[PDB]
2 protein chains.
Amino acid sequence: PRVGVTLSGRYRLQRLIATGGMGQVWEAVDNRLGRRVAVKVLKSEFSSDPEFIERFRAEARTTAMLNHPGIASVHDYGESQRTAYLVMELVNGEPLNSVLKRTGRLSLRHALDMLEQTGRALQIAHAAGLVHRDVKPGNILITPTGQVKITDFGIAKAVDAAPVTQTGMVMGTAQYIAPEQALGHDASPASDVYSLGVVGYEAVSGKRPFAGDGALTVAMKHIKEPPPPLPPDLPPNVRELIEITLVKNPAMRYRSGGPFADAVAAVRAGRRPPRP
Amino acid sequence: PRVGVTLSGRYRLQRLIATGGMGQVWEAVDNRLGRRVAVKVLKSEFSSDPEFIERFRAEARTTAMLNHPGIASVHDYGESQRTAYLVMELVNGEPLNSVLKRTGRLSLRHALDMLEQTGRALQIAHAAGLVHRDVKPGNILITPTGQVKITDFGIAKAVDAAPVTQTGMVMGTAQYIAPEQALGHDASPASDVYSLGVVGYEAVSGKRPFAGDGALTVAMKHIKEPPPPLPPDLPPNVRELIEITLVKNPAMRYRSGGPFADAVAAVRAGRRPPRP
């Protein structure tokens, strides 16, 4: 699993570009079309699990039928000679977590824009029956021109993990988890909204709203802790928009990506956040 | 014409906030609704001209029927005891020329956003038969949240000035003039597009494309001079988008605000500028 390997005789691996709990992402060339792409190569522990692969493919498949500037394309699945993989768009952009490592916060203007873009991208997905379920800065790529591209819809949460409250463990991070997810309820479009509110909270104010040593620590605060008031210098309408997104009851939030994005637009336009 | 004057017994002047060739703009309170507003009080030389007032009102009137986040509202016209005025939205934002006095250029991301916002705002106007005719940074207000608001549709150009090529004089600036306007042709939606391309050229690169000592100097360069190549470090698609906007023949540009904005979206999204 390395440079020069040509998966299913089609996709030639060039460089290792991302990594994670489920596998690694590589820059490749599609040699049938002579197009550079991203390939997520799954770890054997996932490749070898029939049922996990079924759920994984169900999500990816749906994402591959969505055409929108803010959804990173999903091109194909394959297995090669044992080794499962997903072929994706190679996005020329920088993960939001990377961006913030430098700036601490985003400019208010850029934050709202990003939030609104992400919300429109999620809404296409939500309209198709598709929940992201792992919204977080590492899944929000920003290109040089400011286009937000959203990666990895559905797939991380296809591992059918028990509640974090009971296991004390999460694949990836619990820093953006929706409280109902941390409880073991299946995500809904309102869960993505909440997790985008966390991203939003981070992006405007400088820091995430909840921290702690370990998944269980942070996840519990999501369930039980009112978030710390955002900085008083932020327009109240902006603060209020974010506060709404972070209510514990999913039934009391903006219900999906479109209503949220619209609420971001009303706020950019100087109006108070609309009724969720 | 000063603080405490209550125009037509309704609008009470508070503070002098803008100024210019045609008159002055004041912060006021509407005392019928208890709402803060902006009032353009016209100079006597314009108040006293029947025909100029007719054309002035024809433009303002049309703008007042457009409801869009990017068009600064036009609320009413009146005359008080002699003195003509136009009642407008009081926009809490900073003119683009003001912004640039500090930053020199905008960030690429902010520039595209502004351009696209302005283009959508112009398109509503263009769809109504309304041309702005004096697109320039001083008519592009930017609020703390990044909402662009466009002021003064139509009205500056209601003075029915002869060609700048022949008079050597322009009311306001010639720095953003469309070549066909500088020639004495009536503006079209494509003229606004061109002038937004100049704004765009300025906003991305640091400086306006044409300068010179006096209206005639700059206006002639608009007619005759190919603009200086934009900085090579800018994405080619961005450069190309702007180059298209600045062709001399209006018939070869994006024809109105919507096609332009769409072209800005394609470029933000990493695609080359669409066919005008």
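Residues numbered from 1 in each chain as written, not as in the entry; some residues may be left out. Chains lettered and ligands numbered in written order. Heavy atoms only, no water. Residues with missing side-chain atoms left out of burial classes, pairs and counts.

1. Here we look at the sheet that holds strand 8 (residues 140-142) of chain B
Residue and element names in this part refer to chain B. An order of 7-8-9 is seen for the three strands of this open sheet, with the pairing classed as antiparallel. Whereas interior strands pair on both sides, the edge strands pair on one side only; in this sheet they are strand 7 (94-95) and strand 9 (148-150). Two strands pair when backbone bridges link them, and strand 8 and strand 9 are joined in this way by three bridges, in the antiparallel orientation. Residue pairing in the sheet places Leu-141 in a bridge with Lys-149 of strand 9. (Pairing = 2+ DSSP bridges. Helix = DSSP H or I, 4+ residues; strand = E, 2+ residues; numbered from the N terminus.)

2. Topic: the packing of aromatic side chains
In the structure shown here, the tally under the stated rule is ten aromatic pairs over all chains. Judged by centre distance (5.9 Å) and plane angle (70°), the ring pair of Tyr11(B) and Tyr85(B) falls under edge-to-face. Accessibility assignment for this pair places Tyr11(B) and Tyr85(B) in one class, buried. Grouped by ring-pair contacts, the aromatic residues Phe46(A), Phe52(A), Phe56(A) and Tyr77(A) constitute a single cluster. (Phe/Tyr/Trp six-rings, centres within 6.5 Å; stacked < 30°, edge-to-face > 60°. Buried < 20%, exposed > 50% of the residue type's maximum accessible area, 1.4 Å probe, protein only.)

3. Structural notes on the relation of the copies chain B and chain A
The transformation that overlays chain B on chain A combines an axial shift of 0.0 Å with a rotation of 180°, and the residual RMSD is 0.0 Å. Here the transformation between the copies is reduced to the relation of a two-fold axis. Within chain B, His110(B) has its C-alpha nearest the rotation axis, a separation of 3.9 Å. Interface residue correspondence from chain B to chain A reaches 100%, placing this contact among same-surface, isologous pairings. (Least-squares fit on C-alpha atoms. Contact = heavy atoms within 4.5 Å.)

4. Looking at the interface of chain B and chain A
Contact with chain B, which involves 17 residues of that partner, is made by 17 residues of chain A. Where chain B abuts chain A, roughly 1,200 Å² becomes buried across the two surfaces, and 49% of that area is made up of carbon and sulfur atoms. Of all residues in chain B, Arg109(B), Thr145(B) and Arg268(B) bury the most surface against chain A, accounting for 53% of the area lost on that side. Linking chain B with chain A are four salt bridges, by the criterion used here. (Buried area = accessible area lost by both parts, 1.4 Å probe. Salt bridge = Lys/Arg side-chain N within 4 Å of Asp/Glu carboxyl O.)

5. Thoughts on the domain arrangement of chain A
Interface size is commonly expressed as the accessible surface area that is lost when the partners come together. All names here are of chain A. Segmenting chain A into domains produces domain 1 (1-90) and domain 2 (92-276). The interface is formed by 20 residues belonging to domain 1 together with 22 residues belonging to domain 2. By residue number, the principal contributor to the side of domain 1 that touches domain 2 is helix 2 (residues 50-63), which donates seven residues. Class assignment for the residues of the side of domain 1 that touches domain 2 results in twelve nonpolar, four polar and four charged. (Domains from an automatic or database assignment. Nonpolar A, V, L, I, M, F, W, Y, C, P; charged D, E, K, R; others polar.)

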